[PDB]
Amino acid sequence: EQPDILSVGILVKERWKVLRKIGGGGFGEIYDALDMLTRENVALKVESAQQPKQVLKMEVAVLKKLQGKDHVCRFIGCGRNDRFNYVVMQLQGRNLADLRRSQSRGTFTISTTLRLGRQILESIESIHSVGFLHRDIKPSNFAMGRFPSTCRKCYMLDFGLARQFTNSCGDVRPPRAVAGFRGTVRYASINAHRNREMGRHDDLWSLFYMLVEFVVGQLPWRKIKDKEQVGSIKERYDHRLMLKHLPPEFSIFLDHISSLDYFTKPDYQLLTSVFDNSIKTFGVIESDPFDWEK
């Protein structure tokens, strides 16, 4: 097989010492590096300068646009050379995909589910607010922080598959007739399955699928490998069935996102109220242990 894009031990730009590969994402690799200017560990994403689909230009654009916002890594640096392109950003902790898989039945409690869900909704409204769609909402794109002050904060980790959906003014851009989906079958909306231009609502469908998987431990199309079979299930599926194990106000959430299309701005305050009201009804407070603490 092919070697890692970077050799562990090298120094990037006389500053970032590559320590270990920590992931092999969709379109590149991620490393733990030592930043010798700040004397801290950081995350270093890289892609080959020669690979057919390169997304780190999008990663840098969105990370920069989101600086100052919650739920996003601090931007540290970026560069392009004949061998590779790279982006450096804040290193986070345990990934939600791993935390969920460590649970007894791959389920989180409603306490952990509601708090994570509300943080993730905040992160989606934030990326939409600067004119980008995420298009790849799934548990492995979120992690908790790795310090006492950050480990109760959930971070949106990656923006590779993002698309700008507005003008400078906030005008929604005319959709393409066909849009070739490159994200994850399991959490993709029907519109992704249909190679339609994705909208703000498609990120909220993916959040709805994540929340259901958190509470139930699986989605109805878990064992189906064929993308066009999954899509056929989603097209026909009565999503009200997924309300069974969610707090009652999720009927409002589901009715709202069902009403949306590419050209309709979500009612983010309504969707936030579903989480706020559910959290109060269930007596959840922010300091309650998450499932992985206790």
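Numbers follow the displayed sequence, beginning with 1.
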Take the C-alpha B-factors listed in the entry for 177-185 and for 102-110, compute each mean, and give the stretch with the larger one.
177-185
Mean CA B-factor: is it higher for 244-252 or for 31-39?
244-252
Reading the B-factor column of the entry, which of 95, 129, 85, 206 has the highest value at its C-alpha atom?
95
State the tercile, meaning the lowest, middle or highest third, of residue 55 with respect to the CA B-factors recorded for its chain.
middle
Give the position of residue 17 by CA B-factor within its chain, expressed as the lowest, middle or highest third.
lowest
Taking only the Cα B-factors deposited for this chain, tell me whether residue 257 sits in the lowest, middle or highest third.
middle
Position of residue 122 among the chain's modelled residues by C-alpha B-factor, lowest, middle or highest third
lowest
Lowest, middle or highest third: where is residue 234 by C-alpha B factor in its chain?
middle
